[PDB]
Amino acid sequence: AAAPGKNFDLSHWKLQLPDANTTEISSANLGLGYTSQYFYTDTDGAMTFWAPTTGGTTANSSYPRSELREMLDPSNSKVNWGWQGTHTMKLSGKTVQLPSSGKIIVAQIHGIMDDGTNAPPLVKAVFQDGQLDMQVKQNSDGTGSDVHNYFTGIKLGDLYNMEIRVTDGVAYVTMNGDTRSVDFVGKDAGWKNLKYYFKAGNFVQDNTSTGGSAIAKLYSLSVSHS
């Protein structure tokens, strides 16, 4: 019954919560065994993220989350990685319960300005009962639309194996050994002006009062920069 920080390497993740005040838990406190209604180890050992649709939201989102936010430097969220080189997150997990909207985001690459100011998400792994859509943003200024990458057949409760990789300004998005790519720096050179961090957890795409809540699980989670 050990807390997730004992089962996963959370030394370079902080946790963002869907409580009224959108509390954050540090890497160190995750390692010490932080657990709550929003974040816990289930009977199957999974790191489990729960968030209600009525939860608190961050300053630039309509939606609540129980979600890890990568910290290259666990003591400074303004230290983030760039477009050049290779940057890889791998995970395995499942979504157990959806809100009324039937949509959550279970993994991301998020952009950020050099000064820590918000920038657009780059990759969003959107889960629905029957499909994961690994969406890649076109433009670094947040305008335009997203490039969709549909992986159909993935159901509620099914185990997915996922990888999101950036190598030299190209995003490679993988679900169960099936990989698609989007050259994001090639769509917009402006992406070279931004930095990036991974996210993984449960970002609930429903903020309605009667929308219920969602549960997402992870069985493995690793990040590498090379």
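Throughout, we count residues from 1 along the sequence that is shown.
Test of understanding: from the entry's C-alpha B-factors, which stretch has the higher mean, 131-139 or 78-86? Comparing averages over the C-alpha atoms only gives 131-139.
If you take the mean CA temperature factor per stretch, which one wins between 200-208 and 17-25? Per the PDB record, 17-25.
Highest Cα temperature factor in the entry, among the options 92, 108, 97, 117: which one is it? So the option with the highest C-alpha B-factor is 117.
Check the PDB entry and point out which of 157, 177, 64, 45 has the largest C-alpha temperature factor. Largest recorded C-alpha B-factor: 177.
Comparing against every modelled residue in the chain, figure out the third that the C-alpha B-factor of residue 192 lands in (lowest, middle or highest). Its C-alpha B-factor, which the entry lists for residue 192, ranks in the highest third among residues of this chain.
Using the B-factor values recorded in the entry, state whether the Cα atom of residue 36 falls in the lowest, middle or highest third among the modelled residues of its chain. Answer is middle: the recorded C-alpha B-factor places it there.
In terms of the CA temperature factor given in the entry, to which third of its chain does residue 70 belong: lowest, middle or highest? It falls in the bottom third of the chain.
Ranking every modelled residue in this chain by its Cα temperature factor as given in the entry, which third contains residue 224? Ranked within chain, residue 224 CA B lands in the middle tercile.
So where's residue 162 on the chain's Cα temperature factor ranking, which third? It belongs to the middle third of the chain when residues are ordered by C-alpha B-factor.
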